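Novice: Before I ask anything, let me first share the structure, which is written out below as structure tokens.
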Amino acid sequence: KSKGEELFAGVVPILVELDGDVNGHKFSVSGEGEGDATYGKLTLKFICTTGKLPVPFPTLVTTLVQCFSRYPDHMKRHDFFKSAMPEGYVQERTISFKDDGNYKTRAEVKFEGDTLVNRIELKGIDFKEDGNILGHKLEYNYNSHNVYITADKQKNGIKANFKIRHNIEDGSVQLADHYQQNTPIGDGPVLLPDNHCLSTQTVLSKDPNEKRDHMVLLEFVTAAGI
């Protein structure tokens, strides 16, 4: 049993902190909850702490801890994310919304004490003011997706590629292309995986008594040799 695996054998508290700027509109999001990697399960509530969120909350889901994925027994040697812990890893993305702008993100995810922390900076540019994003034209829901993971031996890390489909109010879909790189923060050994996918399902809801702009999230993720 790996050092990293052991850290995730039980329920782990999670803190997420996001600092964003999209087309000059600045915002912060704070998240609190817990993860149970044994079940590939995340439960979190995110709050926009700067008032009204200038983008749709679903566009921030991928940015807002893949170390909580369930890796089946036969796939544990492919779990790069837990192998990097507790020192953690840097996770960077470019998220390109088709016919619209893009996010660039850089996050560090690591333990601070007993708490798994995801600290993110996000910059968004080239968005259309009457687009699906700044115009808030996305449905408040989320589709199931496969995240395809490949090793990046050069950087002692991984890369991932996937396309998120955001349901649009008119029946269309807003595509968000993700290109992702993860690299270890520490210089101890990590697990470099064979190609595989993370099958992820997420359910978005609201607290009817929460008056702040917010997002309640439940997520199930399991690795598949697929």
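Chain lettering (A, B, ...) mirrors the order of the structure tokens, residue numbering begins at 1 for each chain separately, and ligand numbering begins at 1 in order of display.
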Pull the closest atom pair for each residue of range 9-118 of chain A that gets at most 7 Å from range 200-217 of chain A, along with the distance in Å to one decimal, counting only C-alpha atoms, ordering rows by chain and then ascending residue number, as a Markdown table.

Specialist:
| residue | atom | partner | partner_atom | distance |
| --- | --- | --- | --- | --- |
| A:43 | CA | A:217 | CA | 5.8 |
| A:44 | CA | A:217 | CA | 5.3 |
| A:45 | CA | A:216 | CA | 4.4 |
| A:46 | CA | A:215 | CA | 5.1 |
| A:47 | CA | A:214 | CA | 4.3 |
| A:48 | CA | A:213 | CA | 5.5 |
| A:51 | CA | A:213 | CA | 6.9 |
| A:52 | CA | A:213 | CA | 6.1 |
| A:53 | CA | A:213 | CA | 6.7 |
| A:57 | CA | A:215 | CA | 6.8 |

Novice: Go ahead and save the residues from that selection, with N, CA and C atoms, as a PDB file, in the first residue's frame.

Specialist:
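Wrote it out as out_20.pdb, contents follow:
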ATOM      1  N   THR A  43     -18.202  15.584  -2.330  1.00  0.00           N
ATOM      2  CA  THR A  43     -19.349  16.424  -1.975  1.00  0.00           C
ATOM      3  C   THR A  43     -18.835  17.786  -1.514  1.00  0.00           C
ATOM      4  N   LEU A  44     -19.223  18.844  -2.219  1.00  0.00           N
ATOM      5  CA  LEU A  44     -18.677  20.168  -1.953  1.00  0.00           C
ATOM      6  C   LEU A  44     -19.733  21.244  -2.164  1.00  0.00           C
ATOM      7  N   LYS A  45     -19.586  22.348  -1.457  1.00  0.00           N
ATOM      8  CA  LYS A  45     -20.411  23.515  -1.709  1.00  0.00           C
ATOM      9  C   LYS A  45     -19.469  24.655  -1.993  1.00  0.00           C
ATOM     10  N   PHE A  46     -19.712  25.328  -3.109  1.00  0.00           N
ATOM     11  CA  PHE A  46     -18.894  26.430  -3.555  1.00  0.00           C
ATOM     12  C   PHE A  46     -19.702  27.700  -3.397  1.00  0.00           C
ATOM     13  N   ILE A  47     -19.039  28.757  -2.954  1.00  0.00           N
ATOM     14  CA  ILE A  47     -19.698  30.041  -2.771  1.00  0.00           C
ATOM     15  C   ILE A  47     -18.888  31.118  -3.479  1.00  0.00           C
ATOM     16  N   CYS A  48     -19.545  31.966  -4.266  1.00  0.00           N
ATOM     17  CA  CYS A  48     -18.847  33.115  -4.808  1.00  0.00           C
ATOM     18  C   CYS A  48     -18.799  34.154  -3.700  1.00  0.00           C
ATOM     19  N   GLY A  51     -19.674  38.390  -4.454  1.00  0.00           N
ATOM     20  CA  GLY A  51     -20.972  38.776  -4.976  1.00  0.00           C
ATOM     21  C   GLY A  51     -21.460  37.900  -6.115  1.00  0.00           C
ATOM     22  N   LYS A  52     -21.848  38.534  -7.215  1.00  0.00           N
ATOM     23  CA  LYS A  52     -22.401  37.808  -8.351  1.00  0.00           C
ATOM     24  C   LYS A  52     -21.295  37.196  -9.215  1.00  0.00           C
ATOM     25  N   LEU A  53     -21.417  35.903  -9.516  1.00  0.00           N
ATOM     26  CA  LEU A  53     -20.423  35.240 -10.351  1.00  0.00           C
ATOM     27  C   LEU A  53     -20.596  35.689 -11.802  1.00  0.00           C
ATOM     28  N   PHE A  57     -21.575  29.078 -13.194  1.00  0.00           N
ATOM     29  CA  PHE A  57     -20.924  28.145 -12.280  1.00  0.00           C
ATOM     30  C   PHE A  57     -20.524  26.807 -12.941  1.00  0.00           C
TER      31      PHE A  57
END

Novice: Tell me, as a PyMOL selection string, which residues lie within 7 Å of range 141-155 of chain A, counting only C-alpha atoms; anything in the same chain fewer than 6 positions away does not count.

Specialist: chain A and resi 58+161-162+164-166+183+192-204

Novice: Mind writing the picked residues with N, CA, C and O atoms as a compact mmCIF listing (two decimals), in the first residue's frame?

Specialist:
# COMPACT_ATOMS: atom_id res chain seq x y z
N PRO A 58 -21.38 26.24 -13.82
CA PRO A 58 -20.93 25.00 -14.48
C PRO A 58 -19.63 25.14 -15.28
O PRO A 58 -18.94 24.12 -15.45
N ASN A 161 -6.67 15.17 -21.92
CA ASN A 161 -7.41 15.83 -22.98
C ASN A 161 -8.86 15.37 -22.90
O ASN A 161 -9.13 14.18 -22.70
N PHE A 162 -9.78 16.32 -23.03
CA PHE A 162 -11.20 15.98 -23.07
C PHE A 162 -12.00 17.20 -23.49
O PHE A 162 -11.51 18.33 -23.47
N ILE A 164 -15.64 19.09 -22.75
CA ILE A 164 -16.82 19.16 -21.91
C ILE A 164 -17.97 19.73 -22.74
O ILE A 164 -17.79 20.72 -23.46
N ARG A 165 -19.14 19.11 -22.62
CA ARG A 165 -20.35 19.58 -23.29
C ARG A 165 -21.26 20.28 -22.29
O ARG A 165 -21.81 19.63 -21.41
N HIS A 166 -21.42 21.60 -22.44
CA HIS A 166 -22.33 22.35 -21.59
C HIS A 166 -23.66 22.51 -22.30
O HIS A 166 -23.72 23.09 -23.38
N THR A 183 2.05 18.10 -12.88
CA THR A 183 3.44 17.80 -12.55
C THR A 183 3.60 17.82 -11.05
O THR A 183 2.99 18.64 -10.37
N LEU A 192 3.73 6.85 -13.02
CA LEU A 192 3.42 7.32 -14.36
C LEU A 192 2.56 6.26 -15.02
O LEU A 192 2.98 5.12 -15.18
N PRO A 193 1.33 6.64 -15.39
CA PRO A 193 0.29 5.68 -15.80
C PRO A 193 0.36 5.29 -17.26
O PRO A 193 0.86 6.04 -18.09
N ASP A 194 -0.17 4.12 -17.58
CA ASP A 194 -0.51 3.81 -18.96
C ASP A 194 -1.76 4.63 -19.32
O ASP A 194 -2.45 5.13 -18.44
N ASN A 195 -2.05 4.75 -20.61
CA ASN A 195 -3.26 5.46 -21.04
C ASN A 195 -4.50 4.86 -20.41
O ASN A 195 -4.66 3.64 -20.37
N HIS A 196 -5.37 5.72 -19.88
CA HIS A 196 -6.61 5.26 -19.25
C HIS A 196 -7.57 6.43 -19.17
O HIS A 196 -7.22 7.56 -19.54
N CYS A 197 -8.78 6.18 -18.70
CA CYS A 197 -9.71 7.28 -18.56
C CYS A 197 -10.30 7.34 -17.16
O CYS A 197 -10.28 6.38 -16.41
N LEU A 198 -10.76 8.53 -16.81
CA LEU A 198 -11.51 8.75 -15.58
C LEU A 198 -12.94 8.97 -16.04
O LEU A 198 -13.23 9.93 -16.75
N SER A 199 -13.84 8.08 -15.65
CA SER A 199 -15.24 8.25 -15.99
C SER A 199 -15.87 9.10 -14.89
O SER A 199 -15.91 8.70 -13.73
N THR A 200 -16.33 10.30 -15.24
CA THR A 200 -16.82 11.17 -14.17
C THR A 200 -18.27 11.63 -14.33
O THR A 200 -18.69 12.10 -15.40
N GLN A 201 -19.06 11.45 -13.28
CA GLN A 201 -20.42 11.96 -13.30
C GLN A 201 -20.56 13.02 -12.22
O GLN A 201 -20.00 12.89 -11.13
N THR A 202 -21.27 14.09 -12.54
CA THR A 202 -21.45 15.15 -11.56
C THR A 202 -22.88 15.67 -11.53
O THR A 202 -23.55 15.77 -12.56
N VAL A 203 -23.36 15.93 -10.32
CA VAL A 203 -24.71 16.40 -10.11
C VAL A 203 -24.65 17.74 -9.39
O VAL A 203 -24.04 17.85 -8.32
N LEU A 204 -25.29 18.74 -9.98
CA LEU A 204 -25.30 20.10 -9.44
C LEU A 204 -26.64 20.42 -8.81
O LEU A 204 -27.68 20.11 -9.37

Novice: So that I can see what lies close to range 130-133 of chain A, please list as a count of residues only the residues with an atom at most 8 Å from it, counting only C-alpha atoms and leaving out residues fewer than 6 positions away in the same chain.

Specialist: 6

Novice: DSSP says strand (DSSP E) for which residues of range 27-206 of chain A? Put them as a PyMOL selection string?

Specialist: chain A and resi 27-36+41-48+89-97+102-112+115-125+145-152+157-167+173-184+196-205

Novice: Restricting the calculation to only C-alpha atoms, which member of A:117, A:84, A:109, A:90 is positioned closest to residue 4 in chain A?

Specialist: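 Looking only at the distances to residue 4 in chain A, the closest residue turns out to be A:84.
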
Novice: Could you check which of A:159, A:1, A:41, A:136 is closest to residue 68 in chain A, using only C-alpha atoms?

Specialist: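 Once distances to residue 68 in chain A are computed over only C-alpha atoms, the minimum belongs to A:41.
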